[PDB]
Amino acid sequence: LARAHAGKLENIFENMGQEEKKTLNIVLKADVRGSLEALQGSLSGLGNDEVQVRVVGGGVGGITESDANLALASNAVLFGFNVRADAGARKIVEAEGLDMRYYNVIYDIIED
Amino acid sequence: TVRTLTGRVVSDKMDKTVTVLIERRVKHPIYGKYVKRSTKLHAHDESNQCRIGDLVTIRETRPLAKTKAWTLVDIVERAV
Amino acid sequence: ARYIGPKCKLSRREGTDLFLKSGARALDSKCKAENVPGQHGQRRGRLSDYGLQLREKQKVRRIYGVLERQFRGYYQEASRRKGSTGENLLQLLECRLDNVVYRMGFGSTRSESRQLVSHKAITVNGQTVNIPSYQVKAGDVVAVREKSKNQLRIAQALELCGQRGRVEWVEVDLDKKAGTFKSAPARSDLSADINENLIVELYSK
Amino acid sequence: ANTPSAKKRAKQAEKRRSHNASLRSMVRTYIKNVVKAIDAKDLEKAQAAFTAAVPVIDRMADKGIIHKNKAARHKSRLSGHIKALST
Amino acid sequence: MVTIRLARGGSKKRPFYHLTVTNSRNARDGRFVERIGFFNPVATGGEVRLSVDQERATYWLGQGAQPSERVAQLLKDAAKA
Amino acid sequence: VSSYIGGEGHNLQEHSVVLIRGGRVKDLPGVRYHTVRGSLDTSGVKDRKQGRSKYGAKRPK
RNA sequence: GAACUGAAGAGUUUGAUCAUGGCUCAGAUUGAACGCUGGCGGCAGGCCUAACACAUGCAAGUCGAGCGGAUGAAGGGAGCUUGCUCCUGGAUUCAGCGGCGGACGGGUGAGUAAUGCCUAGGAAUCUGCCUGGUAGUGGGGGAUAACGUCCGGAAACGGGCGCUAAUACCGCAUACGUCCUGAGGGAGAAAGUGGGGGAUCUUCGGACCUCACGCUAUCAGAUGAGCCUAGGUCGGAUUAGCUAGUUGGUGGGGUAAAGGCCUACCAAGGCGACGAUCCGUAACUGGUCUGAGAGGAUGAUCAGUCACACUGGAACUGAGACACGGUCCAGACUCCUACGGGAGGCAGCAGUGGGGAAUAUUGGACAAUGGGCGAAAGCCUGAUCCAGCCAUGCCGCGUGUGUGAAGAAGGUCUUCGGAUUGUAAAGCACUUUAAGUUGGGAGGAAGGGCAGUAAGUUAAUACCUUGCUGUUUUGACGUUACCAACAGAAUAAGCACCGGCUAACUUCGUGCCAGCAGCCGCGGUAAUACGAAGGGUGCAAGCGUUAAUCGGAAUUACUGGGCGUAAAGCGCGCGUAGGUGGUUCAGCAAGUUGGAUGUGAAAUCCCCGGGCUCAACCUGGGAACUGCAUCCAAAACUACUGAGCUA
Ligand SMILES: [Mg+2]
Ligand SMILES: [Mg+2]
Ligand SMILES: [Mg+2]
Ligand SMILES: [Mg+2]
Ligand SMILES: [Mg+2]
Ligand SMILES: [Mg+2]
Ligand SMILES: [Mg+2]
Ligand SMILES: [Mg+2]
Ligand SMILES: [Mg+2]
Ligand SMILES: [Mg+2]
Ligand SMILES: [Mg+2]
Ligand SMILES: [Mg+2]
Ligand SMILES: [Mg+2]
Ligand SMILES: [Mg+2]
Ligand SMILES: [Mg+2]
Ligand SMILES: [Mg+2]
Ligand SMILES: [Mg+2]
Ligand SMILES: [Mg+2]
Ligand SMILES: [Mg+2]
Ligand SMILES: [Mg+2]
Ligand SMILES: [Mg+2]
Ligand SMILES: [Mg+2]
Ligand SMILES: [Mg+2]
Ligand SMILES: [Mg+2]
Ligand SMILES: [Mg+2]
Ligand SMILES: [Mg+2]
Ligand SMILES: [Mg+2]
Ligand SMILES: [Mg+2]
Ligand SMILES: [Mg+2]
Ligand SMILES: [Mg+2]
Ligand SMILES: [Mg+2]
Ligand SMILES: [Mg+2]
Ligand SMILES: [Mg+2]
Ligand SMILES: [Mg+2]
Ligand SMILES: [Mg+2]
Ligand SMILES: [Mg+2]
Ligand SMILES: [Mg+2]
Ligand SMILES: [Mg+2]
Ligand SMILES: [Mg+2]
Ligand SMILES: [Mg+2]
Ligand SMILES: [Mg+2]
Ligand SMILES: [Mg+2]
Ligand SMILES: [Mg+2]
Ligand SMILES: [Mg+2]
Ligand SMILES: [Mg+2]
Ligand SMILES: [Mg+2]
Ligand SMILES: [Mg+2]
Ligand SMILES: [Mg+2]
Ligand SMILES: [Mg+2]
Ligand SMILES: [Mg+2]
Ligand SMILES: [Mg+2]
Ligand SMILES: [Mg+2]
Ligand SMILES: [Mg+2]
Ligand SMILES: [Mg+2]
Ligand SMILES: [Mg+2]
Ligand SMILES: [Mg+2]
Ligand SMILES: [Mg+2]
Ligand SMILES: [Mg+2]
Ligand SMILES: [Mg+2]
Ligand SMILES: [Mg+2]
Ligand SMILES: [Mg+2]
Ligand SMILES: [Mg+2]
Ligand SMILES: [Mg+2]
Ligand SMILES: [Mg+2]
Ligand SMILES: [Mg+2]
Ligand SMILES: [Mg+2]
Ligand SMILES: [Mg+2]
Ligand SMILES: [Mg+2]
Ligand SMILES: [Mg+2]
Ligand SMILES: [Mg+2]
Ligand SMILES: [Mg+2]
Ligand SMILES: [Mg+2]
Ligand SMILES: [Mg+2]
Ligand SMILES: [Mg+2]
Ligand SMILES: [Mg+2]
Ligand SMILES: [Mg+2]
Ligand SMILES: [Mg+2]
Ligand SMILES: [Mg+2]
Ligand SMILES: [Mg+2]
Ligand SMILES: [Mg+2]
Ligand SMILES: [Mg+2]
Ligand SMILES: [Mg+2]
Ligand SMILES: [Mg+2]
Ligand SMILES: [Mg+2]
Ligand SMILES: [Mg+2]
Ligand SMILES: [Mg+2]
Ligand SMILES: [Mg+2]
Ligand SMILES: [Mg+2]
Ligand SMILES: [Mg+2]
Ligand SMILES: [Mg+2]
Ligand SMILES: [Mg+2]
Ligand SMILES: [Mg+2]
Ligand SMILES: [Mg+2]
Ligand SMILES: [Mg+2]
Ligand SMILES: [Mg+2]
Ligand SMILES: [Mg+2]
Ligand SMILES: [Mg+2]
Ligand SMILES: [Mg+2]
Ligand SMILES: [Mg+2]
Ligand SMILES: [Mg+2]
Ligand SMILES: [Mg+2]
Ligand SMILES: [Mg+2]
Ligand SMILES: [Mg+2]
Ligand SMILES: [Mg+2]
Ligand SMILES: [Mg+2]
Ligand SMILES: [Mg+2]
Ligand SMILES: [Mg+2]
Ligand SMILES: [Mg+2]
Ligand SMILES: [Mg+2]
Ligand SMILES: [Mg+2]
């Protein structure tokens, strides 16, 4: 919580100093804890001076109902690295217009 | 011995069977006023000697048809 | 649990004797017992009916050192019994083992008698009982463990019980420090200023 | 099936079903002969069929294929039909 | 069959037993037709170790009820006293 | 729904997971719930020392 | 001698008052959750949500004294020689046939508004194992699994070819009972094993006698189940008609048994404002919580019944199933695969993911009580008994005791004198509960094996059953409960509140801000209401907040309210169902009253007791269960019947 508060302070100060940014929100679910941190590190500098990427929620394991509706709430793209979605997540995704994609190589995620 | 019931004939249009209405008074569970409830039974009458309005008495026996398990024993009052 | 802390504050708050010290010297010349405890001691501040009921119940509780839940239990059992629950409550509270030991005179205060009971030094019918709630039945012969009869506290408190007013419902043999509890005292024998009707009014609410 | 006893029980049940079906059919056809003889008014043939059918009915009821009240009912009804036909 | 056995009440590490007549295919503490005594393993003081109704026990024995081993021992123990 | 945030300060922002309990705020129209301080993402108030169990504050120690 | 004995109000509409009326508060309860805090023990409780999907272990086997068969020790030894071979026998273990068990015990509450449940009854039925009787258990036949041979397969395993036993199967004889039939007569069963033995005959393989187990027929009893009747069992009329095998009859079929259960004819019936049909919701009860009671709310834990077992059907075997770890068919969803081909069902116990505010260990043992098999040892048992985790609840105990005034130092306030924290601290002297260490130490245990002895068993000191004696042997819990010794005060207080309701008050900051708040309402420069500090008040290993039920609420008023003006008399008549009925006799006994009998499961609540050092907890007896049903008696009132009278 303390780190979140400090990062919020830094982000608010930077946004006030510069202007405004357009954020691409991503929910990211990986299969192993090691892959998650590499993906998060690679998806940091991919932005620009007007558009940035933010990981609104991570996690380890398959795609569930909770992260599906989190992506719905935040208008985020749902990414699964070597993981699948169960019946509930599939139902929620198909009912709404959520787009969720499967990857086995991190560079496909980077290109997308 | 054997327990019986007494009622009044209300329908006899079926063959060898009659419908008898039985009145009872029940105290209301909460308000305590006696109110009239009724039962409609089907009784077996072998020889067709009952008419509408006859005051008759019946007894319980084994089932003789679906919804028919009573047979009458005596006619105590005849319809005018 | 148990109340541990200042014991002259309770007397000042209740405004009466409420025996809580050894009684050696006096009560007045230790706490100037005419002001309520705290900063605003000199104010009189009359109190409502609920306040009076609460003060009476708290006074009784503070004299026997019983907490609220056990007091609820005592009140419920007294009400369940026959014959004027108001005096049945005191009948019940006088039969506690620590109170009995205090009456027999082996302890200076109620807390000291409680520690004598708890620390395995009192036997009721010839076996050790260390529960300071054991309801002593009439005719029981309370005693002291032979390995602990030469403790200075019991002998010191014996004369203090010698000059405090005879209870006249228990007997004690001083050489063997062993006494008999004839019967629970009648309502007249207890101090006829504890108006239990306030307690009954408070709880029946 | 998972436990071996369940498999053994299934095998035995199949064996006894195959054994019992033939006996049931035997009783049924012996009764049917009497019934269709009665429907054809062939009196003497009816007594012949009845005397041929009673022992097998009783035997198979005793073996437990059919219950004895069933056999008694069959015998009584067939005898009544034949007796009414004879007159 | 119909059997006479022990139904366990009491509490942890302190058992108490009811002499019960039951159909054999019931739970140890379930249905019964009649209780005909009790048995107290700890007893002590004014408590009784075991008590039995002789008339009911004899009636149920005469109807073919089959006592358990413990009940079989306890019945003759009670009869001896 | 709409919840009320008690205490002098808070750190709630977008997409913050919170726990809510019952309780109506009389002055605010349409506010029927309260946000529990110090449960999931609220962290409770700081520099509070009296009655600091309704605001999720640890003992100063 | 008892079984109960019990009922509070306050705040808020006004300048003030009385009334009406709503809102709110003070109490008791949770399968609770969250925040802060957290020493011990006893006894209980622990997925309320997704009847969502499930990786991996275990949860149902037993019998060699029913039967073949193959593995066949110890030994008698022999032979050659010290290593081996072989004949004789043979103690163990079981892949297969066969008998019982698997329909119990365990889980869940989806469906179900009545084929369920509760109360009271009755008649047309079945019931393995158990008990008591009665009559028996005679004599033959044909097959088959296992086992050898061939083929196929990634394997699983499958298919074809020959042989063999039984308490497996099928004929024949006989029948105390039983079936049907009309008296006349006809019909229907079985299986043999194990232990001893005097005599008789033998191949002392055996027959024969006896004992034990088992088998057949049937009656009775217990236990369990099936079937029927009457009453009762949530909300809705902004749901009024429903029903053609539908309602009754006859002939026939069918069932263990009554019955439209089924079928062919005949008739046109049956249900419904005393609520049918339809829609929504829901397992029911004993009970639980609240309440002075009457009521209201509600079916966690425990007990009884019902229903279900991935979804939809169906039957077989069986005494019993439409079958929870069985079969077949179809479906949805996972998975294996060598690509040809198969498997699966945690709402059993632990466990996982998921959903959620939220609910635990891949533990130990069959020592005890039960259950299955066995004859008996004995084998199996996630039932059960015990442990692990969690302040989830109830109860109990600790966190010391006495003395101690320079009224210490510090903090706080002040009228600057002092007051308060406060005997509180320090100092002085005591004790060791619980926890810590060490040594002792029950009770849960009945029984099993062996030898002898005494009775009965016959025909017999034999085998066998039972008594007793002697010896031996049994505990997961467990380092048990408990008892004793050792050192030391050492190891162990927090939470809410302080304007009124409501017990508890002053300072300092801030100034319609920041904030508080259950209701009145506080905050705009002296705030007892915000935030802190001193002081105090309630509880206490807990304390508060949130959610929910009842109470207060006489605020749905039967007990126990109202309608001129506060809400509330239809615009007015007539009249149907219904409710109610002037006054005499006489009868009847439905209502009413009294009595007797049966039932109203146990547990729970209440009274008197008994055990755990107390309590919680367990447990004996009683009381109660206010109900229902059947008989007997009475006749004032109501109802019914007959005859009157005139208000
Ligand atoms: Mg029917
Ligand atoms: Mg406590
Ligand atoms: Mg088998
Ligand atoms: Mg037979
Ligand atoms: Mg049970
Ligand atoms: Mg059950
Ligand atoms: Mg609230
Ligand atoms: Mg009012
Ligand atoms: Mg005003
Ligand atoms: Mg909360
Ligand atoms: Mg917490
Ligand atoms: Mg905490
Ligand atoms: Mg559930
Ligand atoms: Mg779930
Ligand atoms: Mg096993
Ligand atoms: Mg045998
Ligand atoms: Mg075998
Ligand atoms: Mg079944
Ligand atoms: Mg079953
Ligand atoms: Mg069952
Ligand atoms: Mg359970
Ligand atoms: Mg259900
Ligand atoms: Mg449920
Ligand atoms: Mg319906
Ligand atoms: Mg039924
Ligand atoms: Mg019932
Ligand atoms: Mg046979
Ligand atoms: Mg024959
Ligand atoms: Mg034979
Ligand atoms: Mg049943
Ligand atoms: Mg009914
Ligand atoms: Mg209805
Ligand atoms: Mg027809
Ligand atoms: Mg008919
Ligand atoms: Mg017929
Ligand atoms: Mg017909
Ligand atoms: Mg309706
Ligand atoms: Mg439901
Ligand atoms: Mg009331
Ligand atoms: Mg009640
Ligand atoms: Mg009550
Ligand atoms: Mg209900
Ligand atoms: Mg349950
Ligand atoms: Mg049950
Ligand atoms: Mg029932
Ligand atoms: Mg049941
Ligand atoms: Mg039933
Ligand atoms: Mg069922
Ligand atoms: Mg299941
Ligand atoms: Mg499932
Ligand atoms: Mg199915
Ligand atoms: Mg089939
Ligand atoms: Mg079949
Ligand atoms: Mg069958
Ligand atoms: Mg079933
Ligand atoms: Mg089954
Ligand atoms: Mg099934
Ligand atoms: Mg079942
Ligand atoms: Mg299963
Ligand atoms: Mg199949
Ligand atoms: Mg299929
Ligand atoms: Mg399929
Ligand atoms: Mg499953
Ligand atoms: Mg489970
Ligand atoms: Mg379930
Ligand atoms: Mg989970
Ligand atoms: Mg979750
Ligand atoms: Mg929890
Ligand atoms: Mg559980
Ligand atoms: Mg066992
Ligand atoms: Mg063996
Ligand atoms: Mg195990
Ligand atoms: Mg505890
Ligand atoms: Mg807590
Ligand atoms: Mg809990
Ligand atoms: Mg000073
Ligand atoms: Mg100790
Ligand atoms: Mg022992
Ligand atoms: Mg030790
Ligand atoms: Mg006050
Ligand atoms: Mg406050
Ligand atoms: Mg100020
Ligand atoms: Mg206040
Ligand atoms: Mg304040
Ligand atoms: Mg709180
Ligand atoms: Mg609340
Ligand atoms: Mg509520
Ligand atoms: Mg509430
Ligand atoms: Mg009311
Ligand atoms: Mg209320
Ligand atoms: Mg009232
Ligand atoms: Mg009224
Ligand atoms: Mg009114
Ligand atoms: Mg009126
Ligand atoms: Mg007006
Ligand atoms: Mg009008
Ligand atoms: Mg008018
Ligand atoms: Mg009108
Ligand atoms: Mg009208
Ligand atoms: Mg009109
Ligand atoms: Mg009008
Ligand atoms: Mg009129
Ligand atoms: Mg009229
Ligand atoms: Mg009149
Ligand atoms: Mg009338
Ligand atoms: Mg009269
Ligand atoms: Mg009566
Ligand atoms: Mg009862
Ligand atoms: Mg006691
Ligand atoms: Mg009379």
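Chain letters run A, B, ... following the sequence lines, proteins first, then strands; residues in each count from 1. For the numbers below, each heavy atom of this structure counts, side chains included, while hydrogens, waters and symmetry mates do not.
- The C1'-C2'-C3'-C4' torsion of G:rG443 is positive, which assigns its sugar to the north, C3'-endo side.
- With its glycosidic angle within 90° of 0, G:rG417 adopts the syn conformation.
- Across all strands shown, nothing is found opposite G:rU223 as a Watson-Crick or G-U wobble partner with both distances under 3.5 Å.
- Comparing G:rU506 with G:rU510, their P atoms are spaced 23 Å from each other, to the whole Å.
- Taking ring-centre separation below 5.5 Å and interplanar angle below 30 degrees as the test, the adjacent bases G:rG236 and G:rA237 do not pass.
- Judged on ring centres (limit 5.5 Å) and ring planes (limit 30°), G:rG31 and G:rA32 do not form a stacked step.
- Taking 90° from 0 as the syn/anti boundary, the base of G:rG128 is oriented anti.
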Walk me through whether E:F38 and E:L50 qualify under side-chain contact (heavy atoms from CB on, under 4.5 Å). CA-CA 6 Å; E:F38 63 85; E:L50 62 83; 5.9 Å; no
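- G:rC242 and G:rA276: their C1' atoms are spaced 7 Å apart (whole Å).
- In this structure, G:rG418 is classed as anti because its glycosidic torsion departs from zero by more than 90°.
- Applying the 3.5 Å distance criterion, the base of G:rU433 shares no donor-acceptor pair with the side chain of C:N130.
- Here the separation of G:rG111 from G:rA53, taken at their P atoms, is 16 Å to the nearest Å.
- For G:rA424, there is no paired base (Watson-Crick or G-U wobble, both distances below 3.5 Å).
- G:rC94 and G:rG69 are base-paired, meeting the Watson-Crick or G-U wobble geometry with both donor-acceptor distances under 3.5 Å.
- Here G:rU537 sits opposite G:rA496 as a Watson-Crick or G-U wobble pair (both hydrogen-bonding atom distances under 3.5 Å).
- Comparing G:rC100, G:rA357, G:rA256 by their nearest atom to the side chain of F:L19 picks out G:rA357.
- Glycosidic conformation, G:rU359: syn, with the torsion inside 90° of 0.
- Stacking of the bases of G:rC346 and G:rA347 is not indicated, since the six-membered rings fail the criterion of centres under 5.5 Å apart and planes under 30° apart.
- Of the two grooves, the major one is the groove that F:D27 engages, as a side-chain heavy atom of it lies less than 5.0 Å from a major-groove atom of a base pair.
- Rounded to a whole angstrom, the distance from the P atom of G:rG370 to that of G:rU62 is 22 Å.
- Under the 5.5 Å centre and 30° plane thresholds, G:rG600 does not stack on its strand neighbour G:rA601.
- Taking 3.5 Å as the limit, the base of G:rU317 and the side chain of D:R16 contain no donor-acceptor pair of atoms between them.
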